[PDB]
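Colleague: Take a look and give me a structure for this.
(one chain, ligands or ions: 7)
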Amino acid sequence: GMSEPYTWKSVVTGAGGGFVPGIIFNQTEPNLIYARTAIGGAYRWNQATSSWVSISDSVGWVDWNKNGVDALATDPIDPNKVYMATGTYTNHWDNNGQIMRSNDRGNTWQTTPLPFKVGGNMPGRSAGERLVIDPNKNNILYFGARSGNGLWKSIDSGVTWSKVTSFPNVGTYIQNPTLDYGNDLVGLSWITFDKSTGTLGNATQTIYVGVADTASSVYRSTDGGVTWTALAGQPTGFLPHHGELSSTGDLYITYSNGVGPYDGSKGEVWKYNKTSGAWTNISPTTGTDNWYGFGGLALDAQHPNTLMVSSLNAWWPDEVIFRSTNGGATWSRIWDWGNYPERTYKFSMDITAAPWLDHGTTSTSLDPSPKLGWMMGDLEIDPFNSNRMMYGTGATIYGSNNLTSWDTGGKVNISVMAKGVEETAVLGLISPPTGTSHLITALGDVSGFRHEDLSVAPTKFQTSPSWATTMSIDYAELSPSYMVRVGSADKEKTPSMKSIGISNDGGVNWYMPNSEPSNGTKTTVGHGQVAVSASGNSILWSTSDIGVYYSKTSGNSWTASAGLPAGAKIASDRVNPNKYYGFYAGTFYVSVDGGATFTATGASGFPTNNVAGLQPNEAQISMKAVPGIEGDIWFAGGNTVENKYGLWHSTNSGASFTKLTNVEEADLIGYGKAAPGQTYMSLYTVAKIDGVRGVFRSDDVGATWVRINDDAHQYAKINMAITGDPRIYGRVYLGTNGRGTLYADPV
Ligand SMILES: OC[C@H]1O[C@@H](O[C@H]2[C@@H](OC[C@H]3O[C@@H](O[C@H]4[C@H](O)[C@@H](O)[C@H](O)O[C@@H]4CO)[C@H](O)[C@@H](O)[C@@H]3O[C@@H]3O[C@H](CO[C@H]4OC[C@@H](O)[C@H](O)[C@H]4O)[C@@H](O[C@@H]4O[C@H](CO[C@H]5OC[C@@H](O)[C@H](O)[C@H]5O)[C@@H](O[C@@H]5O[C@H](CO)[C@@H](O[C@@H]6O[C@H](CO[C@H]7OC[C@@H](O)[C@H](O)[C@H]7O)[C@@H](O)[C@H](O)[C@H]6O)[C@H](O)[C@H]5O)[C@H](O)[C@H]4O)[C@H](O)[C@H]3O)OC[C@@H](O)[C@@H]2O)[C@H](O)[C@@H](O)[C@H]1O
Ligand SMILES: OC[C@H]1O[C@@H](O[C@H]2[C@@H](OC[C@H]3O[C@@H](O[C@H]4[C@H](O)[C@@H](O)[C@H](O)O[C@@H]4CO)[C@H](O)[C@@H](O)[C@@H]3O[C@@H]3O[C@H](CO[C@H]4OC[C@@H](O)[C@H](O)[C@H]4O)[C@@H](O[C@@H]4O[C@H](CO[C@H]5OC[C@@H](O)[C@H](O)[C@H]5O)[C@@H](O)[C@H](O)[C@H]4O)[C@H](O)[C@H]3O)OC[C@@H](O)[C@@H]2O)[C@H](O)[C@@H](O)[C@H]1O
Ligand SMILES: [Cl-]
Ligand SMILES: [Cl-]
Ligand SMILES: [Mg+2]
Ligand SMILES: [Mg+2]
Ligand SMILES: [Mg+2]
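Modeller: Numbers count the residues shown, from 1 in each chain. Ligands and ions are numbered 1, 2, ... in the order given. See below for the structure:
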């Protein structure tokens, strides 16, 4: 079809806002670093700008599972080469994975499908690395796989893969045997070469492999991977997260009683000397002083007996990093107790690059804010600079450039080192037509942000209410200072927290109303979708659990809406405050009494998501009324199973819709400022049009469409959120599931 080149940039959050399970340093080129994520692809570091660049944005709609990066290897012989094991789930949520290969540090990729699933967003994703390159003969790669698939090898630089049938343990541990998520074998855990057992051009003969099997977890080959044997004398009862070999011949291994990233309530650290055969338990803590696994393992390349480990997960008051300079014989903690509850610290956190990491709470010794971290499954020391470490948490990448201050009685300065990283899952987006913000987001895990300059990190976490995930946000079109968001309050932690927040100042400050939807038996857990009347004189809340409710009393009371099914999608008219719209299971609904009463209209052909194995309350539906035009509604969504997929337009308040004949599939719709000389708002859609999957803009009410993204800027399964900017022609805001929010303008 037609295309128009655009400039695609990230909306900056400073910290990224998702879990980084692996950071991978190249072993021969200084400052060559990669980072991998569970749902958001991978990144490469740029030392000149102290920032990361995504190497995954070519991943698109059909091949979306490539953004689950379960393992990554960087070539020490030719550092232009990099490989990834990708695929997101190993259960019924996903299809088979693949090994991706690049000869230009991730600028471009080729791919080899694997005949099994890869688990970038499965349990144990911070154990590793499970994809490795022979450091003496770099056409050889090994991959340790999930689900009983065992050990795989390539001898042609990643093009072709075959099972290593002589590997004798495919794993035994299963995290969630009774669930539909993680009921498969975790499988193999990490692979570590002994480079001293090969020479350039000749296969490395000694290879170590960790396996998620508490009874027998560490394996070695000494004949180049022909024969594999469990290490005699190894400890039992735990799961090794990492195995790293020092030049002393000591193999260091961290263990947890889980594979993580969220669990681990007991742990050990061991070393095994490859020459003497001695095993030594060097666990930093033990007995009642240990209630957590050990996860991250970092050896110092310059000082062979210096190493660090992190807890996984202590959870309270914070995690601990432990440092040893004598091979684990003695350890120093990065913080200690004083007179309880006081603590002393060998570190200081600096979150000036992402000040919202304090979650809006006041720091105390027992409730530190910001924390050192959590989910610290990967901890790394720069092999070319003992003063630099990096580690991943569930929210960011932290690092230091004065690490060895620890050894001289000083404090380690830890700062956000995630510039360029955006990992959030975007549940909703609004671009208010007035005020200092053009973009307020609804995000998983870190709630969402009010953005002003899209290159500057937000200064504030969303509080009062404070929650992990905002499912939905809307604003009053005629009074955009009034806006409402809904999420799910953690009432175990804060029983007075509500799952709805209201703002009268454009989203800068929020308050919680005096009541929430409830029935005779329970109050809503929240989530669902929210719509705000044109004038702000009412709120409609389609809750996740107990149906649709309206309030005309600013949330002082809520009343169940008549006629609209529980789980319905909802939308307010942007002109007429009495008018709302609903949709469920193929039927369209209208209310003309402010959300109190809904009546069906006649609209046909919408995906029912209710025939031939489909479920209505999990449909892909984007439905919005148009700013400035009463009764004008666009609807995108559907699927191929029903042959009900595309983009529909109503101008009579939902009484009838025209299905656009020139849009084969569509999943999202949004609006922005009209083009010069046009009166109708520009349309932005995520769609398949003229045979091309992408992001498209129409300046003529859908008569013609131009693709405004391209094959290098696809962002995987972009069925999350989209809007134009009512104040900036051409501007699009695109939500993603693991790449944060993008904004883009014509070239
Ligand atoms: O706890 C294990 C172990 O503890 C042993 O005791 C030792 C231990 O004691 C701790 C307790 O100390 C008490 O003080 C004592 C002291 O112990 C004693 O020595 C001294 O002498 O005397 C003192 C005074 O009595 C203290 O009073 C207790 O409070 C303390 O207990 C800890 O309390 C922590 C804080 O709790 C408060 O806030 C949270 C509320 O829930 C509580 O009600 C509040 O009280 C609590 O920390 C939180 O832990 C959770 C995780 O908990 C879970 O795992 C650990 C289990 O212990 C726990 O039962 C279980 O519930 C953290 O939650 C996580 O938060 C992260 C970050 O936000 C989330 O990550 C994000 O996830 C998303 C994905 O999310 C989805 O998928 C995951 C799912 O979980 C989620 O819902 C989904 O949405 C991802 O995408 C993102 O990337 C990622 O960032 C994550 O989801 C979420 O789960 C939470 O943050 C913490 O605040 C502690 O758990 C609790 O233990 O330590 C001291 C030692 O001396 C003791 O010996 C026991 O002996 C043993 O039996 C055993 O219990
Ligand atoms: O039994 C499930 C169990 O899951 C626990 O949560 C764990 C689980 O979370 C999955 C979600 O991960 C997010 O990523 C996290 C990431 O894990 C972190 O590392 C990072 O820091 O933060 C990220 C953001 O928070 C993703 O953003 C989510 O998308 C993902 O949700 C699951 O997504 C899959 C895939 O579908 C999506 O991706 C492809 C695209 O094609 C699709 O359109 C997208 O929606 C869904 O698969 C579908 O499942 C339905 C049936 O779903 C029902 O059963 C499972 C429930 O989870 C659902 O709520 C329920 O509706 C099926 O019919 C379809 O065919 C499938 O396509 C899943 O449904 C989504 O759940 O894994 C990562 C781990 O980190 C989390 O701890 C959770 O704590 C438990 O309560 C429990 O729910
Ligand atoms: Cl004190
Ligand atoms: Cl303004
Ligand atoms: Mg680019
Ligand atoms: Mg690592
Ligand atoms: Mg602060």
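
Colleague: From now on I want contacts and neighbour counts done on CA atoms only, so please keep to that.
Modeller: OK.

Colleague: Give me every residue in the chain that's in contact range of ligand 4.
Modeller: 434, 435 (C-alpha under 5 Å from the ion).

Colleague: Domain boundaries for the chain, per the record?
Modeller: Domain ranges of the chain: 1-16+424-747, 17-423, per curated CATH domains.

Colleague: Let me have these in JSON lines, extended by mean neighbour count and distance to ligand 6.
Modeller: Listed next are these as JSON lines, based on neighbours: other C-alpha atoms under 10 Å; distance: least, C-alpha to the ion, whole Å:
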{"stretch": "domain 1-16+424-747", "mean neighbour count": "21", "distance to ligand 6": "18"}
{"stretch": "domain 17-423", "mean neighbour count": "21", "distance to ligand 6": "4"}
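
Colleague: measure residue 95 to residue 88 for me?
Modeller: 9 Å (C-alpha to C-alpha, to the nearest Å).

Colleague: quick one: common contacting residues for those two?
Modeller: Residues touching both residue 95 and residue 88 by C-alpha atoms under 8 Å, 6 or more residues apart in numbering: 65, 117.

Colleague: where along the stretch 601-747 of the chain do the strands fall?
Modeller: 621-625, 633-639, 644-650, 658-659, 665-672, 682-689, 692-698, 706-707, 722-725, 728-735, 741-746 (DSSP state E, counting those that start in this stretch).

Colleague: report the angle between the axes of the last one and strand 728-735?
Modeller: Spelled out, it's strand 741-746. Orientation check (axes from the mean of the first three to the mean of the last three C-alpha atoms, to 10 degrees): strand 741-746 against strand 728-735 gives 150 degrees.

Colleague: Direction included, what does strand 741-746 pair up with?
Modeller: strand 6-10 (antiparallel), strand 728-735 (antiparallel) (DSSP bridges).

Colleague: May I have that strand exported as PDB, CA atoms only?
Modeller: Output of strand 741-746 as PDB, limited to C-alpha atoms (Å, rounded to 0.1, in the frame of the first residue of the first chain):
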ATOM      1  CA  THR A 741       4.900   4.100  24.800                       C
ATOM      2  CA  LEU A 742       6.100   5.500  21.500                       C
ATOM      3  CA  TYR A 743       5.500   8.800  20.000                       C
ATOM      4  CA  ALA A 744       6.000   9.500  16.300                       C
ATOM      5  CA  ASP A 745       5.800  12.400  13.900                       C
ATOM      6  CA  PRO A 746       6.200  12.600  10.100                       C
END
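
Colleague: Contacts made by that strand with the rest, please.
Modeller: 4-11, 422, 424, 426, 708, 730-735.

Colleague: ok, now with 10 Å
Modeller: 4-13, 422-426, 428-429, 439, 441, 443, 454, 708-709, 713, 715, 721-725, 728-736 (C-alpha atoms under 10 Å, 6 or more residues apart in numbering).

Colleague: so residue 277, which of the three states?
Modeller: coil (DSSP: H, G, I helix; E, B strand; the rest coil).

Colleague: which residues touch it?
Modeller: Residue 277 neighbours (C-alpha under 10 Å, 6+ apart): 231, 232, 233, 249, 250, 271.

Colleague: Within the helices and strands, which one has the last one?
Modeller: So that's residue 271. Element membership of residue 271 [criterion: DSSP states H and E] is strand 267-273.

Colleague: Pick out the residue of the stretch 151-300 of the chain closest to ligand 4.
Modeller: Nearest to ligand 4 in the stretch 151-300 of the chain, going by C-alpha to the ion, is residue 262, at a distance of 43.4 Å.

Colleague: just to confirm, which helix or strand has the residue nearest to that residue when sequence neighbours are not counted in it?
Modeller: Counting by C-alpha to C-alpha, 6 or more residues apart in numbering, residue 375 is the residue found nearest to residue 262 once chain neighbours are left out, at 6.2 Å. Using DSSP H and E, residue 375 maps to neither a helix nor a strand.

Colleague: got the contact list for residue 375?
Modeller: 19-21, 126, 260-264, 295-296, 310-315, 319, 391-395.

Colleague: can we see that at 8 Å?
Modeller: Applying C-alpha under 8 Å, 6+ apart, the residues contacting residue 375 are 19, 260, 261, 262, 312, 313, 392, 393, 394.

Colleague: ditto for residue 308
Modeller: So residue 308 contacts 296, 297, 298, 299, 321, 322, 323, 324, 379 (C-alpha under 8 Å, 6+ apart).

Colleague: for the fifth one, what are its contacts?
Modeller: I take that to be residue 321. Counting by C-alpha under 8 Å, 6+ apart, the residues that residue 321 touches are 308, 309, 310, 311, 333, 334.

Colleague: Can you say which helix or strand has the residue lying closest to it once chain neighbours are set aside in it?
Modeller: Using C-alpha to C-alpha, 6+ apart and skipping residues adjacent in sequence, the residue nearest residue 321 is residue 310, 4.4 Å away. In this assignment (DSSP H and E), residue 310 forms part of strand 307-312.

Colleague: re the thing from before, of all the strands of the stretch 601-747 of the chain, which one is nearest residue 136?
Modeller: strand 741-746 (41.1 Å; C-alpha to C-alpha).

Colleague: rewinding a little: JSON lines please, covering the strands of the stretch 601-747 of the chain and showing distance to ligand 1.
Modeller: Output for those, formatted as JSON lines (distance: least, C-alpha to the nearest ligand atom, whole Å):
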{"stretch": "strand 621-625", "distance to ligand 1": "23"}
{"stretch": "strand 633-639", "distance to ligand 1": "26"}
{"stretch": "strand 644-650", "distance to ligand 1": "31"}
{"stretch": "strand 658-659", "distance to ligand 1": "37"}
{"stretch": "strand 665-672", "distance to ligand 1": "24"}
{"stretch": "strand 682-689", "distance to ligand 1": "25"}
{"stretch": "strand 692-698", "distance to ligand 1": "27"}
{"stretch": "strand 706-707", "distance to ligand 1": "32"}
{"stretch": "strand 722-725", "distance to ligand 1": "22"}
{"stretch": "strand 728-735", "distance to ligand 1": "17"}
{"stretch": "strand 741-746", "distance to ligand 1": "16"}
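
Colleague: Residues contacting the one helix or strand residue 53 maps to, please?
Modeller: According to DSSP H and E, residue 53 maps onto strand 51-54. With contacts defined as C-alpha under 8 Å, 6+ apart, strand 51-54 is touched by 41, 42, 43, 44, 45, 46, 417, 418, 419, 420, 421.

Colleague: circling back to that earlier point, in strands, which of the contacts of residue 375 appear?
Modeller: Among the contacts of residue 375, DSSP state E puts 312, 392 in strands.

Colleague: out of the contacts of residue 375, who's near ligand 1?
Modeller: 19, 394 (C-alpha under 6 Å from any ligand atom).

Colleague: what does the stretch 301-450 of the chain have sitting close to ligand 2?
Modeller: 394, 425, 444, 445.

Colleague: List just the nearest of the contacts of strand 51-54 to ligand 3.
Modeller: Distances from ligand 3 to the contacts of strand 51-54, taken by C-alpha to the ion, are shortest for residue 417, at 32.2 Å.
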